[PDB]
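File shown here: structure-v2.pdb, holding PDB, C-alpha atoms (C1' of nucleotides) and all ligand atoms.
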ATOM      1  CA  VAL T   4     133.668  40.089 -29.075
ATOM      2  CA  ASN T   5     136.842  40.753 -31.120
ATOM      3  CA  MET T   6     134.881  41.533 -34.314
ATOM      4  CA  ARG T   7     134.968  37.899 -35.449
ATOM      5  CA  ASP T   8     132.164  36.031 -33.670
ATOM      6  CA  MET T   9     129.702  38.683 -34.854
ATOM      7  CA  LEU T  10     131.262  39.042 -38.316
ATOM      8  CA  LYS T  11     130.996  35.265 -38.698
ATOM      9  CA  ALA T  12     127.409  34.329 -37.919
ATOM     10  CA  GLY T  13     124.955  36.827 -39.404
ATOM     11  CA  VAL T  14     125.376  40.286 -37.932
ATOM     12  CA  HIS T  15     126.709  42.093 -41.026
ATOM     13  CA  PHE T  16     123.416  41.746 -42.888
ATOM     14  CA  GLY T  17     120.281  43.780 -43.524
ATOM     15  CA  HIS T  18     116.778  43.577 -44.970
ATOM     16  CA  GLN T  19     117.506  44.123 -48.667
ATOM     17  CA  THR T  20     117.657  47.821 -49.543
ATOM     18  CA  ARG T  21     114.108  48.540 -50.744
ATOM     19  CA  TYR T  22     112.801  48.355 -47.151
ATOM     20  CA  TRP T  23     115.269  50.554 -45.283
ATOM     21  CA  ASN T  24     114.676  53.326 -42.769
ATOM     22  CA  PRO T  25     116.484  56.609 -43.572
ATOM     23  CA  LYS T  26     117.564  56.933 -39.929
ATOM     24  CA  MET T  27     119.668  53.775 -40.418
ATOM     25  CA  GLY T  28     121.623  55.508 -43.189
ATOM     26  CA  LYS T  29     124.306  56.539 -40.703
ATOM     27  CA  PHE T  30     124.861  52.905 -39.642
ATOM     28  CA  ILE T  31     125.123  51.424 -43.156
ATOM     29  CA  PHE T  32     128.632  50.432 -44.204
ATOM     30  CA  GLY T  33     127.355  49.651 -47.700
ATOM     31  CA  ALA T  34     124.839  47.746 -49.809
ATOM     32  CA  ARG T  35     126.553  44.772 -51.447
ATOM     33  CA  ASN T  36     124.482  42.871 -54.020
ATOM     34  CA  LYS T  37     121.240  44.765 -53.259
ATOM     35  CA  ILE T  38     121.424  44.005 -49.497
ATOM     36  CA  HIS T  39     122.380  46.477 -46.771
ATOM     37  CA  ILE T  40     125.420  45.782 -44.581
ATOM     38  CA  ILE T  41     125.863  47.120 -41.048
ATOM     39  CA  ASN T  42     129.015  48.972 -39.968
ATOM     40  CA  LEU T  43     130.150  46.597 -37.224
ATOM     41  CA  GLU T  44     133.182  48.630 -36.131
ATOM     42  CA  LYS T  45     130.636  51.229 -35.018
ATOM     43  CA  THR T  46     128.453  48.576 -33.365
ATOM     44  CA  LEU T  47     131.219  47.336 -31.061
ATOM     45  CA  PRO T  48     131.588  50.414 -28.788
ATOM     46  CA  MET T  49     127.829  50.748 -28.279
ATOM     47  CA  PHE T  50     127.447  46.978 -27.850
ATOM     48  CA  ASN T  51     130.042  47.085 -25.071
ATOM     49  CA  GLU T  52     128.322  50.193 -23.687
ATOM     50  CA  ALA T  53     125.077  48.240 -23.364
ATOM     51  CA  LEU T  54     126.950  45.301 -21.824
ATOM     52  CA  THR T  55     128.652  47.447 -19.194
ATOM     53  CA  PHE T  56     125.428  49.332 -18.438
ATOM     54  CA  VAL T  57     123.467  46.147 -17.768
ATOM     55  CA  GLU T  58     126.406  44.724 -15.803
ATOM     56  CA  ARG T  59     126.593  47.769 -13.528
ATOM     57  CA  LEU T  60     122.799  47.780 -13.187
ATOM     58  CA  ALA T  61     122.858  44.128 -12.089
ATOM     59  CA  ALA T  62     124.472  45.087  -8.781
ATOM     60  CA  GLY T  63     121.735  46.871  -6.856
ATOM     61  CA  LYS T  64     118.915  44.306  -6.915
ATOM     62  CA  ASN T  65     117.375  45.667 -10.116
ATOM     63  CA  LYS T  66     115.214  43.544 -12.411
ATOM     64  CA  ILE T  67     115.763  43.411 -16.179
ATOM     65  CA  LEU T  68     112.927  42.266 -18.438
ATOM     66  CA  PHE T  69     113.566  40.500 -21.748
ATOM     67  CA  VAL T  70     111.323  40.562 -24.824
ATOM     68  CA  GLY T  71     111.870  37.918 -27.477
ATOM     69  CA  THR T  72     108.472  36.972 -28.888
ATOM     70  CA  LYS T  73     109.201  35.905 -32.476
ATOM     71  CA  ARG T  74     109.522  32.814 -34.637
ATOM     72  CA  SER T  75     112.414  30.562 -33.517
ATOM     73  CA  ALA T  76     113.464  33.181 -30.928
ATOM     74  CA  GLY T  77     110.895  32.578 -28.184
ATOM     75  CA  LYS T  78     112.454  29.340 -26.963
ATOM     76  CA  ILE T  79     115.941  30.879 -26.958
ATOM     77  CA  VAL T  80     114.861  33.722 -24.682
ATOM     78  CA  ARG T  81     112.832  31.259 -22.599
ATOM     79  CA  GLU T  82     115.834  29.020 -21.914
ATOM     80  CA  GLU T  83     118.292  31.914 -21.715
ATOM     81  CA  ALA T  84     116.336  34.104 -19.305
ATOM     82  CA  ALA T  85     116.215  30.888 -17.308
ATOM     83  CA  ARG T  86     118.976  31.090 -14.694
ATOM     84  CA  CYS T  87     120.465  34.517 -13.799
ATOM     85  CA  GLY T  88     116.929  35.409 -12.651
ATOM     86  CA  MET T  89     115.127  38.108 -14.656
ATOM     87  CA  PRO T  90     111.696  37.856 -16.321
ATOM     88  CA  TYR T  91     110.842  37.437 -19.998
ATOM     89  CA  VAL T  92     108.004  37.003 -22.488
ATOM     90  CA  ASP T  93     108.038  34.082 -24.925
ATOM     91  CA  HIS T  94     104.730  34.529 -26.793
ATOM     92  CA  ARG T  95     102.437  37.355 -27.891
ATOM     93  CA  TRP T  96     102.945  40.524 -25.882
ATOM     94  CA  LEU T  97      99.764  41.640 -24.129
ATOM     95  CA  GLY T  98      98.687  45.228 -24.637
ATOM     96  CA  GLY T  99      98.897  47.004 -21.299
ATOM     97  CA  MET T 100     101.359  44.778 -19.421
ATOM     98  CA  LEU T 101     103.018  47.995 -18.198
ATOM     99  CA  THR T 102     100.516  50.868 -18.333
ATOM    100  CA  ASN T 103      97.788  48.605 -16.882
ATOM    101  CA  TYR T 104      99.798  46.429 -14.496
ATOM    102  CA  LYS T 105      96.980  46.477 -11.928
ATOM    103  CA  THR T 106      94.740  44.397 -14.197
ATOM    104  CA  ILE T 107      97.459  41.872 -15.087
ATOM    105  CA  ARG T 108      98.161  41.547 -11.351
ATOM    106  CA  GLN T 109      94.819  39.745 -11.026
ATOM    107  CA  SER T 110      95.766  37.405 -13.872
ATOM    108  CA  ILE T 111      99.078  36.731 -12.116
ATOM    109  CA  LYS T 112      97.204  35.824  -8.931
ATOM    110  CA  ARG T 113      94.882  33.548 -10.914
ATOM    111  CA  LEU T 114      97.852  31.821 -12.542
ATOM    112  CA  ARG T 115      99.571  31.323  -9.184
ATOM    113  CA  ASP T 116      96.615  29.891  -7.296
ATOM    114  CA  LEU T 117      95.459  27.722 -10.211
ATOM    115  CA  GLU T 118      99.012  26.345 -10.437
ATOM    116  CA  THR T 119      98.765  25.612  -6.717
ATOM    117  CA  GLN T 120      95.400  23.912  -7.296
ATOM    118  CA  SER T 121      96.638  21.663 -10.106
ATOM    119  CA  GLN T 122      99.821  20.827  -8.144
ATOM    120  CA  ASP T 123      98.481  20.566  -4.580
ATOM    121  CA  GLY T 124      98.499  16.778  -4.747
ATOM    122  CA  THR T 125      96.167  16.313  -7.736
ATOM    123  CA  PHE T 126      93.203  18.308  -6.465
ATOM    124  CA  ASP T 127      91.175  17.491  -9.582
ATOM    125  CA  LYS T 128      90.350  13.941  -8.441
ATOM    126  CA  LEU T 129      87.089  14.060 -10.420
ATOM    127  CA  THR T 130      85.814  13.658 -13.979
ATOM    128  CA  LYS T 131      88.177  14.789 -16.731
ATOM    129  CA  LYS T 132      85.311  16.589 -18.510
ATOM    130  CA  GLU T 133      86.124  19.936 -16.898
ATOM    131  CA  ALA T 134      89.598  18.931 -15.691
ATOM    132  CA  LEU T 135      90.690  19.110 -19.334
ATOM    133  CA  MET T 136      89.195  22.614 -19.475
ATOM    134  CA  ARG T 137      91.073  23.545 -16.292
ATOM    135  CA  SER T 138      94.368  22.271 -17.713
ATOM    136  CA  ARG T 139      93.705  24.126 -20.969
ATOM    137  CA  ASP T 140      93.189  27.363 -19.037
ATOM    138  CA  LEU T 141      96.379  26.657 -17.082
ATOM    139  CA  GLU T 142      98.480  26.177 -20.214
ATOM    140  CA  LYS T 143      96.864  29.166 -21.944
ATOM    141  CA  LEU T 144      97.736  31.384 -18.980
ATOM    142  CA  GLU T 145     101.263  29.937 -18.789
ATOM    143  CA  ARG T 146     102.008  30.509 -22.476
ATOM    144  CA  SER T 147     101.683  34.281 -22.012
ATOM    145  CA  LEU T 148     102.357  34.904 -18.302
ATOM    146  CA  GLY T 149     105.046  32.387 -17.324
ATOM    147  CA  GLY T 150     108.043  34.688 -17.568
ATOM    148  CA  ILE T 151     106.648  37.467 -15.377
ATOM    149  CA  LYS T 152     105.245  35.317 -12.570
ATOM    150  CA  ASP T 153     107.840  36.933 -10.275
ATOM    151  CA  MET T 154     108.693  40.692 -10.211
ATOM    152  CA  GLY T 155     105.734  42.114  -8.345
ATOM    153  CA  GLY T 156     107.162  45.547  -9.105
ATOM    154  CA  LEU T 157     107.760  47.284 -12.407
ATOM    155  CA  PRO T 158     111.087  46.481 -14.108
ATOM    156  CA  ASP T 159     113.833  49.063 -13.756
ATOM    157  CA  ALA T 160     115.050  48.527 -17.329
ATOM    158  CA  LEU T 161     113.922  46.464 -20.295
ATOM    159  CA  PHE T 162     115.602  44.550 -23.121
ATOM    160  CA  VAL T 163     114.279  44.049 -26.657
ATOM    161  CA  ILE T 164     115.303  41.602 -29.376
ATOM    162  CA  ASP T 165     113.595  43.501 -32.236
ATOM    163  CA  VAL T 166     111.989  46.924 -32.188
ATOM    164  CA  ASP T 167     109.842  46.812 -35.347
ATOM    165  CA  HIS T 168     107.868  43.706 -34.378
ATOM    166  CA  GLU T 169     107.142  44.748 -30.774
ATOM    167  CA  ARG T 170     106.885  48.535 -31.067
ATOM    168  CA  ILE T 171     103.984  48.501 -28.575
ATOM    169  CA  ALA T 172     106.153  47.397 -25.649
ATOM    170  CA  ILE T 173     108.677  50.146 -26.378
ATOM    171  CA  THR T 174     105.919  52.746 -26.733
ATOM    172  CA  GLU T 175     104.395  51.960 -23.354
ATOM    173  CA  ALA T 176     107.889  51.678 -21.853
ATOM    174  CA  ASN T 177     108.634  55.276 -22.838
ATOM    175  CA  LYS T 178     105.161  56.213 -21.603
ATOM    176  CA  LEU T 179     106.102  54.737 -18.226
ATOM    177  CA  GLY T 180     109.578  56.225 -18.658
ATOM    178  CA  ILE T 181     112.105  53.440 -18.058
ATOM    179  CA  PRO T 182     115.416  52.698 -19.833
ATOM    180  CA  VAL T 183     115.234  50.259 -22.738
ATOM    181  CA  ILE T 184     117.827  48.181 -24.610
ATOM    182  CA  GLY T 185     117.040  47.235 -28.187
ATOM    183  CA  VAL T 186     118.467  45.413 -31.203
ATOM    184  CA  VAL T 187     117.760  47.840 -34.053
ATOM    185  CA  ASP T 188     117.880  46.305 -37.530
ATOM    186  CA  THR T 189     118.342  48.209 -40.800
ATOM    187  CA  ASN T 190     114.593  48.754 -41.356
ATOM    188  CA  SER T 191     113.929  49.961 -37.795
ATOM    189  CA  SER T 192     113.949  53.272 -35.944
ATOM    190  CA  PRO T 193     116.117  54.573 -33.077
ATOM    191  CA  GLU T 194     113.096  56.496 -31.760
ATOM    192  CA  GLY T 195     112.167  55.391 -28.250
ATOM    193  CA  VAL T 196     115.246  53.223 -27.619
ATOM    194  CA  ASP T 197     117.868  54.670 -25.272
ATOM    195  CA  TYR T 198     120.818  52.291 -25.698
ATOM    196  CA  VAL T 199     120.891  51.254 -29.345
ATOM    197  CA  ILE T 200     122.401  48.012 -30.619
ATOM    198  CA  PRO T 201     122.585  48.294 -34.426
ATOM    199  CA  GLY T 202     122.739  44.519 -34.765
ATOM    200  CA  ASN T 203     120.905  41.922 -36.813
ATOM    201  CA  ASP T 204     117.750  39.826 -36.504
ATOM    202  CA  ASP T 205     116.155  36.711 -38.060
ATOM    203  CA  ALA T 206     119.553  34.954 -37.805
ATOM    204  CA  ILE T 207     119.580  32.552 -34.862
ATOM    205  CA  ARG T 208     123.324  32.551 -34.197
ATOM    206  CA  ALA T 209     123.240  36.324 -33.761
ATOM    207  CA  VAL T 210     120.350  36.159 -31.303
ATOM    208  CA  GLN T 211     122.000  33.699 -28.959
ATOM    209  CA  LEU T 212     125.163  35.803 -29.259
ATOM    210  CA  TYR T 213     123.194  38.832 -28.039
ATOM    211  CA  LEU T 214     121.329  37.043 -25.253
ATOM    212  CA  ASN T 215     124.372  35.182 -23.918
ATOM    213  CA  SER T 216     126.304  38.457 -23.955
ATOM    214  CA  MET T 217     123.523  39.980 -21.860
ATOM    215  CA  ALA T 218     123.165  36.974 -19.543
ATOM    216  CA  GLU T 219     126.800  36.540 -18.582
ATOM    217  CA  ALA T 220     127.034  40.341 -18.380
ATOM    218  CA  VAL T 221     124.307  40.338 -15.728
ATOM    219  CA  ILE T 222     125.975  37.278 -14.169
ATOM    220  CA  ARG T 223     129.269  39.127 -13.745
ATOM    221  CA  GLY T 224     127.324  42.180 -12.573
ATOM    222  CA  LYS T 225     125.014  40.761  -9.902
ATOM    223  CA  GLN T 226     127.733  38.722  -8.167
ATOM    224  CA  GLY T 227     128.641  41.640  -5.899
TER
ATOM    225  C1'   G D   1      52.045  47.758  -8.324
ATOM    226  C1'   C D   2      50.684  44.360 -12.287
ATOM    227  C1'   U D   3      50.562  43.051 -17.803
ATOM    228  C1'   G D   4      51.217  42.966 -23.420
ATOM    229  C1'   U D   5      54.821  43.683 -27.404
ATOM    230  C1'   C D   6      59.469  43.591 -30.409
ATOM    231  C1'   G D   7      61.158  38.351 -28.687
ATOM    232  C1'   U D   8      63.041  33.385 -25.888
ATOM    233  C1'   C D   9      65.549  37.166 -30.900
ATOM    234  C1'   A D  10      71.181  37.085 -29.113
ATOM    235  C1'   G D  11      72.269  40.635 -27.773
ATOM    236  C1'   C D  12      73.228  44.936 -24.007
ATOM    237  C1'   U D  13      76.930  47.164 -21.064
ATOM    238  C1'   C D  14      80.987  48.582 -17.332
ATOM    239  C1'   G D  15      86.201  49.149 -14.790
ATOM    240  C1'   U D  16      91.324  49.901 -16.091
ATOM    241  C1'   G D  17      94.469  50.716 -20.242
ATOM    242  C1'   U D  18      95.220  52.797 -25.243
ATOM    243  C1'   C D  19      93.821  56.058 -29.816
ATOM    244  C1'   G D  20      91.304  61.046 -31.169
ATOM    245  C1'   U D  21      91.122  68.536 -29.994
ATOM    246  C1'   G D  22      86.278  66.414 -29.445
ATOM    247  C1'   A D  23      81.337  63.914 -30.183
ATOM    248  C1'   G D  24      83.481  59.034 -29.768
ATOM    249  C1'   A D  25      86.271  54.368 -30.772
ATOM    250  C1'   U D  26      88.791  49.680 -29.190
ATOM    251  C1'   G D  27      87.396  45.677 -26.292
ATOM    252  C1'   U D  28      82.347  43.523 -28.843
ATOM    253  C1'   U D  29      86.609  43.713 -35.472
ATOM    254  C1'   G D  30      88.851  39.085 -38.309
ATOM    255  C1'   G D  31      89.265  32.872 -40.088
ATOM    256  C1'   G D  32      86.435  28.893 -38.784
ATOM    257  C1'   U D  33      82.413  26.589 -35.872
ATOM    258  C1'   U D  34      77.738  26.463 -32.990
ATOM    259  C1'   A D  35      70.763  26.674 -31.586
ATOM    260  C1'   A D  36      73.645  30.824 -28.905
ATOM    261  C1'   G D  37      78.617  37.468 -27.975
ATOM    262  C1'   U D  38      78.934  28.835 -27.902
ATOM    263  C1'   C D  39      83.871  27.486 -28.550
ATOM    264  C1'   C D  40      89.001  27.548 -30.801
ATOM    265  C1'   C D  41      92.836  30.525 -33.055
ATOM    266  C1'   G D  42      94.731  35.188 -33.819
ATOM    267  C1'   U D  43      94.676  40.104 -31.953
ATOM    268  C1'   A D  44      96.223  47.529 -27.656
ATOM    269  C1'   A D  45      93.733  45.407 -25.223
ATOM    270  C1'   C D  46      93.387  43.134 -20.312
ATOM    271  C1'   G D  47      89.099  41.654 -17.084
ATOM    272  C1'   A D  48      83.984  41.801 -15.378
ATOM    273  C1'   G D  49      78.370  42.097 -15.232
ATOM    274  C1'   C D  50      73.200  41.223 -17.187
ATOM    275  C1'   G D  51      71.843  37.809 -20.968
ATOM    276  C1'   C D  52      73.090  32.028 -23.719
ATOM    277  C1'   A D  53      74.158  27.211 -21.233
ATOM    278  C1'   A D  54      73.576  24.625 -16.381
ATOM    279  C1'   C D  55      70.842  23.963 -11.446
ATOM    280  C1'   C D  56      63.961  23.057 -11.381
ATOM    281  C1'   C D  57      59.310  20.010 -13.322
ATOM    282  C1'   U D  58      57.687  16.151 -16.512
ATOM    283  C1'   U D  59      58.327  11.981 -20.215
ATOM    284  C1'   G D  60      61.124   7.463 -22.041
ATOM    285  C1'   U D  61      65.322   2.226 -19.404
ATOM    286  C1'   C D  62      66.988  -0.241 -15.056
ATOM    287  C1'   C D  63      68.028  -0.865  -9.534
ATOM    288  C1'   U D  64      66.773  -0.493  -3.809
ATOM    289  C1'   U D  65      62.723   0.094  -0.149
ATOM    290  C1'   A D  66      57.653  -0.504  -0.031
ATOM    291  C1'   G D  67      52.657  -4.358  -0.603
ATOM    292  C1'   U D  68      46.586  -1.871   1.560
ATOM    293  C1'   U D  69      42.186  -0.190  -0.341
ATOM    294  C1'   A D  70      46.685  -1.712  -5.287
ATOM    295  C1'   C D  71      48.706  -6.855  -7.969
ATOM    296  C1'   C D  72      47.825 -12.356  -8.818
ATOM    297  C1'   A D  73      53.161 -16.068 -11.015
ATOM    298  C1'   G D  74      52.916 -20.397  -7.985
ATOM    299  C1'   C D  75      49.624 -23.677  -4.004
ATOM    300  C1'   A D  76      44.712 -24.943  -2.436
ATOM    301  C1'   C D  77      39.435 -24.049  -1.956
ATOM    302  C1'   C D  78      35.958 -22.030  -4.941
ATOM    303  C1'   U D  79      29.324 -20.687  -5.581
ATOM    304  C1'   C D  80      34.269 -20.025 -10.510
ATOM    305  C1'   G D  81      33.720 -13.314  -8.707
TER
HETATM  306 MG    MG T 301      93.551  61.628 -25.157
HETATM  307 MG    MG T 302      81.382  50.151 -29.602
HETATM  308 MG    MG T 303      77.267  45.073 -30.257
HETATM  309 MG    MG T 304      78.612  34.298 -22.889
HETATM  310 MG    MG T 305      68.195  28.944 -19.647
END
Now, as a test, write the supplied structure out as structure tokens.
Ligand SMILES: [Mg+2]
Ligand SMILES: [Mg+2]
Ligand SMILES: [Mg+2]
Ligand SMILES: [Mg+2]
Ligand SMILES: [Mg+2]
Amino acid sequence: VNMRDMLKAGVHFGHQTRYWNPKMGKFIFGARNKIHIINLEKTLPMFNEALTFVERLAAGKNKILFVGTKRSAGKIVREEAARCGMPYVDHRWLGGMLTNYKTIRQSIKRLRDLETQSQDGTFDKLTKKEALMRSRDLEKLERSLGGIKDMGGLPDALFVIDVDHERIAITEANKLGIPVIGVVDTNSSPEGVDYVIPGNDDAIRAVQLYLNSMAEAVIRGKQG
RNA sequence: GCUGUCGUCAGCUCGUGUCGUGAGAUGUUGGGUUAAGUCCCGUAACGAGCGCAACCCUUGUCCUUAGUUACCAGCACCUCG
């Protein structure tokens, strides 16, 4: 908002200049002291475009999936996708979560009924020898499948925090053919992302800026 | 039908997904660890089956029930078994 919250924290920064993607050359305002700088005055209209798109998609009972698996960004998306509904992923993305949803449906069922088992009133009233194993399986399943426990159907649109690190999700999203929102850094590619956000990554303040923007956008959208 | 052998070695495969024009490949590679494809972590793979392990028999400790044809600590007799 108003070119100052983003200009303050970390948004006007890039990944040096040695590792830059030619297709970002149109978004570079300059390279001060060997580091690329993003043209924020161009980011604002498309940032607001993404905000208004997700806001108008909120009304209509559509589900928006968030992807944030990264160092120091998983917990932010975990807590921030909390409330306002919507699923998320907070740890390693599983290959085939979209193109092979039938298989992961079984894992979802296993997670649900094992959660019921371990929280039925302490069903495991027996030796801890295999109860520890059961709890370990529970936490292992949670750590990768907690965010998508709901949403029996495929998401109508998807949100990304970084496109280089999780290219696989975007690839299979285009293969399924659904809209995608992505934060494209200076060493990334606009290929496969529909609504581009030429923002910044690896800076925390920027990432909660992005995710709060999205979350209160969907809040003001789904009110009806 | 039954049996030997590699070999009681730890391997051999499938569904769905993905990569390749295809034969095919990933799963099943990698860092550790284990008797073991055993387990953990990572990881375009996610799961499953036959194997490994476990359930069977026996051996080593104790407890309950049992005391004849088995036993003899105590009591007595004893021809001293
Ligand atoms: Mg093909
Ligand atoms: Mg193979
Ligand atoms: Mg093999
Ligand atoms: Mg096994
Ligand atoms: Mg065996």
Open item on the list: I'd like to see the residues matched by the PyMOL selection byres (((chain D and resi 39-54) around 8) and not hetatm) on this file, and ideally I'd get them as a ChimeraX atom specification.
Closed with: /T:97-99,103,106-107,171 /D:10-15,17-18,26-27,33-34,36,38,55
Task: Pairwise distance for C1' of residue 28 in chain D and CA of residue 104 in chain T, rounded to one decimal in Å - done: 22.8 Å
- [ ] For CA of residue 102 in chain T and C1' of residue 16 in chain D, quote the distance in Å rounded to one decimal.
- [x]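 CA of residue 102 in chain T sits 9.5 Å away from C1' of residue 16 in chain D.
Note that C1' of residue 2 in chain D and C1' of residue 58 in chain D are 29.4 Å apart.
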Open item on the list: Going by the chain IDs and residue numbers used in this file, which residues fall under the PyMOL selection byres (((chain T and resi 36) around 12) and not hetatm)? Write them as JSON, numbers by chain.
Closed with: {"T": [16, 17, 18, 19, 20, 33, 34, 35, 37, 38, 39, 40]}
Written file, previous selection with C-alpha atoms, as a CSV table (one decimal), keeping the file's coordinate frame:
chain,number,residue,atom,x,y,z
T,16,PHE,CA,123.4,41.7,-42.9
T,17,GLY,CA,120.3,43.8,-43.5
T,18,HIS,CA,116.8,43.6,-45.0
T,19,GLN,CA,117.5,44.1,-48.7
T,20,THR,CA,117.7,47.8,-49.5
T,33,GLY,CA,127.4,49.7,-47.7
T,34,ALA,CA,124.8,47.7,-49.8
T,35,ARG,CA,126.6,44.8,-51.4
T,37,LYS,CA,121.2,44.8,-53.3
T,38,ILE,CA,121.4,44.0,-49.5
T,39,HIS,CA,122.4,46.5,-46.8
T,40,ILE,CA,125.4,45.8,-44.6
Is it possible to add N, CA, C and O atoms to range 165-177 of chain T and hand it back as a short mmCIF file (atom, residue, chain, number, x, y, z; two decimals), in the coordinates of the input?
data_model
loop_
_atom_site.label_atom_id
_atom_site.label_comp_id
_atom_site.auth_asym_id
_atom_site.auth_seq_id
_atom_site.Cartn_x
_atom_site.Cartn_y
_atom_site.Cartn_z
N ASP T 165 113.94 42.90 -30.95
CA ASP T 165 113.60 43.50 -32.24
C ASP T 165 112.60 44.61 -31.97
O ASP T 165 111.63 44.41 -31.24
N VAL T 166 112.82 45.79 -32.55
CA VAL T 166 111.99 46.92 -32.19
C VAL T 166 110.81 47.09 -33.14
O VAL T 166 109.76 47.61 -32.74
N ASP T 167 110.94 46.66 -34.40
CA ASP T 167 109.84 46.81 -35.35
C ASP T 167 108.66 45.91 -34.99
O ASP T 167 107.50 46.33 -35.10
N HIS T 168 108.94 44.68 -34.58
CA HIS T 168 107.87 43.71 -34.38
C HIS T 168 107.10 43.98 -33.09
O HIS T 168 105.89 43.73 -33.02
N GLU T 169 107.78 44.49 -32.06
CA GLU T 169 107.14 44.75 -30.77
C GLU T 169 107.23 46.22 -30.40
O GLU T 169 107.64 46.56 -29.28
N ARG T 170 106.88 47.10 -31.34
CA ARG T 170 106.88 48.54 -31.07
C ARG T 170 106.02 48.90 -29.87
O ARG T 170 106.32 49.87 -29.16
N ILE T 171 104.94 48.14 -29.62
CA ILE T 171 103.98 48.50 -28.58
C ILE T 171 104.65 48.50 -27.20
O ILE T 171 104.42 49.39 -26.38
N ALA T 172 105.47 47.48 -26.93
CA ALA T 172 106.15 47.40 -25.65
C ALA T 172 107.06 48.60 -25.44
O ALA T 172 107.09 49.19 -24.36
N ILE T 173 107.80 48.98 -26.48
CA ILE T 173 108.68 50.15 -26.38
C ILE T 173 107.86 51.41 -26.15
O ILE T 173 108.23 52.26 -25.33
N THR T 174 106.75 51.56 -26.88
CA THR T 174 105.92 52.75 -26.73
C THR T 174 105.44 52.90 -25.30
O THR T 174 105.61 53.97 -24.68
N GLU T 175 104.87 51.84 -24.73
CA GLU T 175 104.40 51.96 -23.35
C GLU T 175 105.54 51.99 -22.35
O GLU T 175 105.35 52.48 -21.23
N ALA T 176 106.73 51.51 -22.72
CA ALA T 176 107.89 51.68 -21.85
C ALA T 176 108.29 53.14 -21.75
O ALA T 176 108.53 53.65 -20.65
N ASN T 177 108.37 53.84 -22.89
CA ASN T 177 108.63 55.28 -22.84
C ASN T 177 107.51 56.02 -22.13
O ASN T 177 107.76 56.99 -21.41
#
